[PDB]
Amino acid sequence: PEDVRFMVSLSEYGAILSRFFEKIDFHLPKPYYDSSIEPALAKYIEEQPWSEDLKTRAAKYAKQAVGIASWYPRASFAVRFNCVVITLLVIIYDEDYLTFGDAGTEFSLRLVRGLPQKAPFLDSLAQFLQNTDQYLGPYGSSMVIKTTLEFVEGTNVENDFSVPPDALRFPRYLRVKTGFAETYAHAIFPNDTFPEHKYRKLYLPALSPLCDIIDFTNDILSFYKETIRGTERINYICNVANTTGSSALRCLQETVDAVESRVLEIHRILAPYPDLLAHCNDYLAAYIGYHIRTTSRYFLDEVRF
Amino acid sequence: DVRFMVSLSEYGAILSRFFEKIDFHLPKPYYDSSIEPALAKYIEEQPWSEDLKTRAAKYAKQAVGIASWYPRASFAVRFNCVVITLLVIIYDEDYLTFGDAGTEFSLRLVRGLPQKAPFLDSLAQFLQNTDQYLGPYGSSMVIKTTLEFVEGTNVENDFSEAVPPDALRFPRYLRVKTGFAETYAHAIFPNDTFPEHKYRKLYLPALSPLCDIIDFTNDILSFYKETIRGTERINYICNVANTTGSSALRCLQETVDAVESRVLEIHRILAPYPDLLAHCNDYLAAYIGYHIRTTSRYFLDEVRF
Amino acid sequence: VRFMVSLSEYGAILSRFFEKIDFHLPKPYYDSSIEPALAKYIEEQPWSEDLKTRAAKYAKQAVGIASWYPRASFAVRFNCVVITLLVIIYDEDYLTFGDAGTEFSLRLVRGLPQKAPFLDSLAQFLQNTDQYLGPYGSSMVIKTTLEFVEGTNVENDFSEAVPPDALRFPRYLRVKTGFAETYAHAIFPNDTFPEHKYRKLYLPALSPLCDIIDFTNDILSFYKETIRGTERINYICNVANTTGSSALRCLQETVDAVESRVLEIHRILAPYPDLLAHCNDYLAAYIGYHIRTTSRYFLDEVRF
Amino acid sequence: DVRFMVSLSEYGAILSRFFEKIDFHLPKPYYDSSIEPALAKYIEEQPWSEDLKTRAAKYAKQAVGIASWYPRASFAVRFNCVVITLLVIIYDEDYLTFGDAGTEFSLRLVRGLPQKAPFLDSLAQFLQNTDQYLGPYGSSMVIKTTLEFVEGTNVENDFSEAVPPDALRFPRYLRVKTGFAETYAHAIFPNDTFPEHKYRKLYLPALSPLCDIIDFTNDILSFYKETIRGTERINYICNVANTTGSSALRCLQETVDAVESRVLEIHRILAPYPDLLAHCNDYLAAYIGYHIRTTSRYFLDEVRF
Ligand SMILES: [Mg+2]
Ligand SMILES: [Mg+2]
Ligand SMILES: [Mg+2]
Ligand SMILES: [Mg+2]
Ligand SMILES: [Mg+2]
Ligand SMILES: [Mg+2]
Ligand SMILES: [Mg+2]
Ligand SMILES: [Mg+2]
């Protein structure tokens, strides 16, 4: 009885997704395969000064990280592989931040102090941030760093709201902090293809709508695995329903409309720049297709859309 | 063009209505005799050039007023807020004079390397010691906000006549990057009075509306010195006017309305927690009062309200 | 004699009562977590092993209180079950603690150890109600517990001693013994209904709700107290002894009073559908609990 | 609004009729030269701010008259009732000045913790020492009544506009919570004269009507300073007029009639016990007299009766 507000019937959820895909003209990409990413990530893991136990667990985490390469089908190996590596490291964080007790709780200070971290995988995370200039310009590097700091600490703080009714702006704030979207958005515009000194002023207006698309599209497409089929009640859609007193269904529909509006805004902003726009369109189709095709995480074969 | 061009009389009347709506009353003057001597000692201790020290003595006259924003806080909180204010005033005022040093800040910071200019070393050392007055989430947020501020300052004028007409989300995105709001908002809730492990879950829902209040209230109160009296056409209100094809006058009113809504939201969220609410109210009264009293920066003694 | 009520008279009163308030027995409520959590609670108290052994019996009665708050969190349901176990132990065995109860309130505010370990557990519960209530609710649970401990200690002083002209005294004593505010404040738990926003909405319903809680137990426990048992200092008998009326008349008047309060609560909380829903769930399960808990109220011996 | 209007002529006539119907005669003036010095010494001994001690000099002059309510009682009874009156006057007139301190009084009291304000430590100490003049039942009732008074005061501002017209029993509920009556009623029957083991079963049947007399008689006698001379519209009389669709004049008269009825009830219940009844008669005459004589609080020398 108390859970009705957060449930959505399967037929209605499938209809939400069908309307969403119609409205943004989503067309599923052909199946992505990159026989290069998995061996390279295995070699990365082997090279880390990690315990045998962490390397063993990282094999499972790597299976899910490698799908991120499919989001940037045209990008250089450097872009795809680095996006995959940072995804592996934040999956490990999401798994171990409580086990490591207070480790990530000191990540940012130890990072800016140049001090060894309390766990080797956090040293690997520090080194990644130290070498983002391998694939991003300096603005992109800065934002990957600041986004990682937000993610580490927001993940810590998330575990405290297992949400005040009057806090209308809080659900989006929490989702910004833990969604990691800015890191992926910057790889839509890699520094080798779009050097910042010439292109940053052209694509910067699209970064905020892209970050919304990345967060919100995952909220729409992972609501089944999080809340319908799962036990998750403190995600963005449930938080919005709690602070507005609305149903999960109505919040999902508002979020669908928000994504469509961001897509339209990006299509308008980047109309003069066909290559920048093509990178955005390619990302979005690959991103949605990744959610549909990865059934071990999102279970979308169980929904009719 | 007519889009801009807000009259002195129109602007004063809008400010009058704003102060009436939020029931603003100018606080009695705030004075702590320990702040300026401490800040003079800080400046004298920095390995800065003599001209930067003289100029910093000028900027200090503006920075010391920040202590009044936190009247119930410890000296360490008030003084550190004053110091970081001095540093970001220097960065903004003189970021032509540092050359490319700012563009290297984030990577040198996370590599544990010295900065290209000693002024930026002072900034890095501040970030390394934010745990002296904030908890772990607040310290991370000051670090990440400073990275955004340095990079947003660097890119701000790239958009001089280059704001795309339909880029609706961009003005807010740029203002988040340049406004530095999270740094001040977190010191509203110092870790000694409100330790994070007990209070963070209580005040965190208030941080996002507080950041909107900080950003937007400066936009309202500094529109005179930026756009009516000055030549700035790349600030938040002008960016909203150019992205919406609307007048600066109407966008200024829209920003007043947004701040008024945020003040109501904070008052609702923090109602159960009188201490947190009092720190917030003290902050808001003194932040507005600082804009009125610092005539050398905002020239509001020239407007009738 | 003036207190004789036959089985048939009593069952007919209950039948008409249930019809008039449109009572329907809820479907059985079960949370597999409640009974083991209460067993672990008992195991961790530093009570005598004899009291722990005894307390298993009272636990079987206490666990049903979770069904009064079916939409509430485990913290609300479980803490209501714990305080129920403690007050049942007090309600049945207060004489086994000697004069310990008489010093409970002063030892509590002084920070002194209680005269019996069981009362230390009661004090610890009162110190932790912020786990599930706001500040107003926490204060009410404390003040209600002080009243309950003292009303229980003095109740039986009035056997064959209730003075005829004291028409307000039966209600005064029932407020003290009924423990109602503790349960009423849990109907509106602080996580679902943060006090600062909702207390102005539900506080106007507290007075009739406490009347419903006290009086509905008086109606439904009259069989075990006075027909099947020997209790003659309960609310119904006290009213009969101050008014010179039969127990049957006073029982009927109490039923009529409850029906009126039910209409009142429905009027007060009608603009607030979630508050109203928690209230209705509470009342249906409160009555149902009296019917199903045959080991305490024996209502399977009555035809209604 | 005409519904709450009572003229000075009407109010004086109501008081004259009330006094003649209960056979009230202003008691011959009461004086114990020990009480005022003892309260000055109590104030001087508290670890309060000099400002609070200065304000408490004003409140003490209203508190010392409480000793006249118990003219046949020991100094322990009279002085303790004066002290707790001082403390609840400080709480009420000035819980603007204490903030959230009162909101955590009850939990800090039962946890054995220091209170957030020294004044509230004095209140907690009083509650711990009521066995100096009451038996165990009376001590419990003073504690529970103080908790009700503190919380009812803390929430009184929720209905500052009006109470819900639909909640007929709520005006009495509110008045019980904030009237503090049980604390004063139990001192009518002090434990040194009427040991609870023998006397409680004799006077407890009178406590409910006595609490009504205390609450309602103040409502009658403070109506002038609250609603005719002042601007209060959320006291018991006005709340009853709001919930019953009647006028404040009719509700004032009905409250007078209720008090007269309770007085007769008390005389009947305690008729067999002349010393118990005498303590009640002394109390009521001095309670009414206190309202007449404490012109700095009730202004009844501005009324003709
Ligand atoms: Mg998700
Ligand atoms: Mg997740
Ligand atoms: Mg500026
Ligand atoms: Mg500005
Ligand atoms: Mg019983
Ligand atoms: Mg009973
Ligand atoms: Mg008053
Ligand atoms: Mg009064």
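Criteria and thresholds
Residues numbered from 1 in each chain as written, not as in the entry; some residues may be left out. Chains lettered and ligands numbered in written order. Heavy atoms only, no water. Helix = DSSP H or I, 4+ residues; strand = E, 2+ residues; numbered from the N terminus. Rg over C-alpha atoms; globule rule 2.2 N^0.38 Å. Buried < 20%, exposed > 50% of the residue type's maximum accessible area, 1.4 Å probe, protein only. Areas by Shrake-Rupley, 256 points an atom, 1.4 Å probe, with all protein chains shown as cover. Contact = heavy atoms within 4.5 Å. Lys, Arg positive; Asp, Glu negative; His and termini not counted. Charge placed at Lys NZ, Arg CZ, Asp CG, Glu CD. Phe/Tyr/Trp six-rings, centres within 6.5 Å; stacked < 30°, edge-to-face > 60°. Axes fitted to C-alpha atoms, helices over the stretch in contact; angles between N-to-C directions. Parallel < 35°, antiparallel > 145°, perpendicular 65-115°, else oblique. Left-handed = near helix turned anticlockwise from the far one by under 90°. Nonpolar A, V, L, I, M, F, W, Y, C, P; charged D, E, K, R; others polar. Donors = N, O, S within 2.8 Å, 3.2 Å for Na, K, Ca; no water. Expected span 1.5 Å × (residues − 1). Bend = angle between axes of the 7 residues up to and from the residue. Buried area = accessible area lost by both parts, 1.4 Å probe. Salt bridge = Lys/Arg side-chain N within 4 Å of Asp/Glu carboxyl O. Polar contact = N/O pair within 3.5 Å; in protein donor to acceptor, adjacent residues only side chain to side chain.

**Some words on the overall build of chain A**
When its secondary structure is counted, chain A shows 14 helices and 0 strands. For chain A, the sequential pattern of α-helices and β-strands runs α-α-α-α-α-α-α-α-α-α-α-α-α-α. Computed over the C-alpha atoms, the radius of gyration of chain A is 19 Å, within 12% of the 19 Å expected from 2.2 N^0.38 for a compact globule of 305 residues. By principal-axis analysis of the C-alpha atoms, chain A measures approximately 50 × 50 × 35 Å. The burial tally for chain A puts 60% of its 305 residues in the buried class. Summed over all atoms, the accessible surface of chain A reaches about 12,100 Å², with 51% contributed by carbon and sulfur.

**Some points on the overall build of chain B**
Helix and strand counts for chain B come out as 14 helices and 0 strands. Computed over the C-alpha atoms, the radius of gyration of chain B is 19 Å, within 12% of the 19 Å expected from 2.2 N^0.38 for a compact globule of 305 residues. Counting only C-alpha atoms and orienting by the principal axes, one finds that chain B spans roughly 50 × 45 × 35 Å. In chain B, which comprises 305 residues, the share counted as buried stands at 62%. Partitioning the intrachain contacts of chain B with sequence separation of at least 6 by distance along the chain shows that 74% fall at a separation of at least 24. Total accessible area on chain B stands at roughly 11,800 Å², and carbon and sulfur atoms take up 52% of it. Positive and negative side-chain charges of chain B, numbering 31 and 39 respectively, have mean locations separated by a distance of 3 Å.

**A word on the packing of aromatic side chains**
Residue and element names in this part refer to chain B. In the structure shown here, the tally under the stated rule is 114 aromatic pairs over all chains. Between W69 and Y283, the ring centres sit 5.5 Å apart and the planes meet at 75°, which makes this aromatic pair edge-to-face. Taken together, the residues span a long stretch of sequence, with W69 in the loop between α3 (50-63) and α4 (75-93) and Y283 in helix α13 (residues 274-293) at a distance of 214 residues. For the pair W69 and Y283, a shared accessibility class is recorded, and that class is buried.

**Observations concerning the packing of helix α11 (residues 236-244) of chain A against helix α12 (residues 248-269) of chain A**
Residue and element names in this part refer to chain A. One way to put it is that α11 packs onto α12 with a least axis distance of 9 Å and a crossing angle of 115°. It follows that α11 is roughly perpendicular to α12 by the angle criterion. The two elements α11 and α12 cross, and the hand of that crossing is right-handed. Of α12, the residues touching α11 (which contributes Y236, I237, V240, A241 and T244) are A248, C251, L252 and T255. Its residues assigned to classes, the contact of α11 with α12 shows 7 nonpolar, 2 polar and no charged.

**Observations concerning unusual backbone geometry**
All names here are of chain A. The residue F180 is not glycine, and still its phi comes out positive at about 65°. Secondary-structure assignment places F180 in the loop between α8 (170-179) and α9 (181-187). Its identity is not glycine, yet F299 carries a phi of approximately 60°, on the positive side.

**Some points on the packing of helix α6 (residues 118-128) of chain B against helix α7 (residues 136-155) of chain B**
Residue and element names in this part refer to chain B. The interhelical angle for the contact between α6 and α7, taken along N-to-C directions, is 155°, at an axis separation of 9 Å. The angle between α6 and α7 places the two elements in the roughly antiparallel class. In the crossing of α6 with α7, the sense of the turn from one axis to the other is right-handed. Residues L123, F126 and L127 of α6 form the contact with α7, whose participating residues are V142, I143, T146 and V150. Among the residues forming the contact of α6 with α7, the class breakdown is 6 nonpolar, 1 polar and no charged.

**Here we look at the coordination of the magnesium ion (ligand 4)**
Residue and element names in this part refer to chain B. Around the magnesium ion (ligand 4), the protein supplies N218 (OD1), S222 (OG) and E226 (OE) as donor atoms, at distances of 2.0 to 2.3 Å. Each donor residue of the magnesium ion (ligand 4) belongs to the same chain, and together they define the spacing N-x3-S-x3-E. Metal-to-metal, the separation of the magnesium ion (ligand 4) and the magnesium ion (ligand 3) is 4.8 Å. Of the two residues, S222 and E226 are both situated in helix α10 (residues 196-228); the distance of 4 residues between them amounts to about one turn of the helix. Classification of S222 by relative accessible area gives buried; the value is 0%. On the basis of relative accessibility, which here comes to 10%, the residue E226 falls in the buried class.

**Quick notes on helix α6 (residues 120-130) of chain A**
Extensive coverage of α6(A) is indicated by the burial of 8 of its 11 residues. Regarding α6(A), the residues found buried are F121(A), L122(A), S124(A), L125(A), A126(A), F128(A), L129(A) and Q130(A). In this fold, the buried residues of α6(A) make contact with α2 (37-47), α3 (52-65), α4 (77-96), α5 (107-112) and α7 (138-158) of chain A together with α5 (105-110) of chain B.

**Focus on α3(B)**
All names here are of chain B. With 14 residues, α3 extends 19 Å from end C-alpha to end C-alpha; this agrees with the ideal 20 Å at 1.5 Å per step. Largest kink in α3: about 30°, centred on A57. Restricting attention to buried positions, one finds in α3 the residues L52, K53, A56, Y59, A60, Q62 and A63. On its buried face, α3 is in contact with α2 (35-45), α4, α6, α13 and α14 (295-298).

**Some points on the environment of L115(A)**
Following the sequence through the fold, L115(A) ends up in the loop between α5 and α6. Between the alpha carbons of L115(A) and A69(A) there is a distance of 31 Å; along the sequence they are 46 residues apart.

**Section: the interface of chain B and chain A**
The partner chain A presents 47 residues to the 47 residues of chain B that form the contact. Taking both partners together, chain B and chain A bury about 4,300 Å²; carbon and sulfur atoms supply 61% of that area. Among the residues of chain B in contact with chain A, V110(B), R169(B) and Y173(B) are the three that bury the most area, contributing 16% of the side total. Our enumeration of links across chain B and chain A arrives at 10 salt bridges. Residue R111(B) pairs with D133(A) through a salt bridge whose shortest N-O separation is 2.8 Å. Linking chain B with chain A are 21 residue pairs in polar contact. Every element with two or more residues in the side of chain B that touches chain A is listed here: α5, α6, α7, α8 (170-179), α9 (181-187), α10 and α12 (248-269) of chain B. Taken together, the residues of the side of chain B that touches chain A break down into 21 nonpolar, 10 polar and 16 charged.

**Observations regarding the pattern of salt bridges**
Two side chains carrying opposite charge are able to pair once their charged atoms lie near each other. Counted by the stated rule, this structure contains 101 salt bridges over all chains. Among the ionic pairs, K146(A) bridges to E182(A), the shortest N-O distance being 2.8 Å. No difference in accessibility class separates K146(A) from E182(A), as the two residues are buried. Between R54(C) and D93(C) there is a salt bridge, with its nearest N and O atoms 2.8 Å apart. Note that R54(C) is positioned in helix α3 (residues 49-62) and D93(C) in helix α4 (residues 74-93), a separation of 39 residues in sequence. Overall, the relative accessible area of 34% leaves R54(C) in the partly exposed class. Judged by its relative accessible area of 11%, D93(C) is buried. Each member of the salt-bridge network shares a partner with another, and the members are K146(A), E150(A), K177(A), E182(A), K144(B), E148(B), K177(B) and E182(B).

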